[PDB]
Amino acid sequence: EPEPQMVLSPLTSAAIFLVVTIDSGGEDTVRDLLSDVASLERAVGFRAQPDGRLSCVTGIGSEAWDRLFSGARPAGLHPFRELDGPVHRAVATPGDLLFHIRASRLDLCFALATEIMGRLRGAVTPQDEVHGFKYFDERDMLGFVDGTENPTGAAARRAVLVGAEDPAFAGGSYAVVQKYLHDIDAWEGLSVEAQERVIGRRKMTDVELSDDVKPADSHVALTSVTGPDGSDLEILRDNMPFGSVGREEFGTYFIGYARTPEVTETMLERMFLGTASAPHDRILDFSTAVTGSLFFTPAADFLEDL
């Protein structure tokens, strides 16, 4: 009845992230593609069963939603909110549609992106394209294991999927994306122990620092948030490394899924604006966000029903 898209699925060794804007007069072409995206994913993906693990998660931005559909909107859908901190800024950049494409091989991702874009040619303008790759033992460009504390099982379901709070849109999710570029030269000037105090975990072994030693402005400290009832508010991250050596571009493509954007936005506010105990997240002293967009990823049957 409420079949979600593959928002709960694990990290893979390859990804493509595509973000586009819909041109004036391109809505009908988009709606037609949306109704077919599941068929296209199967068309390509079936060629590589059992090990291909191809998926595509399609998201739709707030303004786009109003152009495409009449009737109810998801309760939490709004444009990404720019955060202008005293030192660091989280920019909002244009994006109407997100395609988060994952597989165990880049070819599958590329083949599917080709089919999607082929259908949208002349109706959309590309805003961003990133080809992500796994880096060693699930490391990011800063050299730390990245994704460790993601929720799993029932916990992930509860953290990520819209439920009875917005019944018309149950099985959907909200995705926030941000493309970060790192200052690798600066970061490499820190000792490993200083890097560990920025993140909040040991570098090689990935063991969390004890509470008596973890700084209040470490990344793990600032992105740990408790809800009304003492429980952790969780998001599901599918961050991937990307880059270009000749351009000195060493990045993290951030994508986080959550059942309400309020959770992800709380984490961002703490990072960028800081708290009474932390000026800002120290990870931002080595990381610049160059995109920022929010999407709603509907249940799969919503897109079919078109």
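Throughout, we count residues from 1 along the sequence that is shown.
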{"property": "Stretch with the higher entry mean CA B-factor, where the candidates are 243-251 and 62-70", "result": "62-70"}
{"property": "81-89 versus 171-179 - which carries the larger mean C-alpha B factor in the record", "result": "81-89"}
{"property": "C-alpha B-factor winner, where the candidates are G163, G147, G143, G132", "result": "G163"}
{"property": "Maximum C-alpha temperature factor, selected from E138, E115, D107, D185", "result": "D185"}
{"property": "Record-listed C-alpha B factor of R237: chain third", "result": "lowest"}
{"property": "CA B-factor ranking of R197, expressed as a third of its chain", "result": "middle"}
{"property": "Where the record places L273 (Cα B-factor, split into thirds across the chain)", "result": "highest"}
{"property": "Lowest, middle or highest third - CA B-factor, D217", "result": "middle"}
{"property": "Third of the chain, ranked by Cα B-factor, where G52 sits", "result": "middle"}
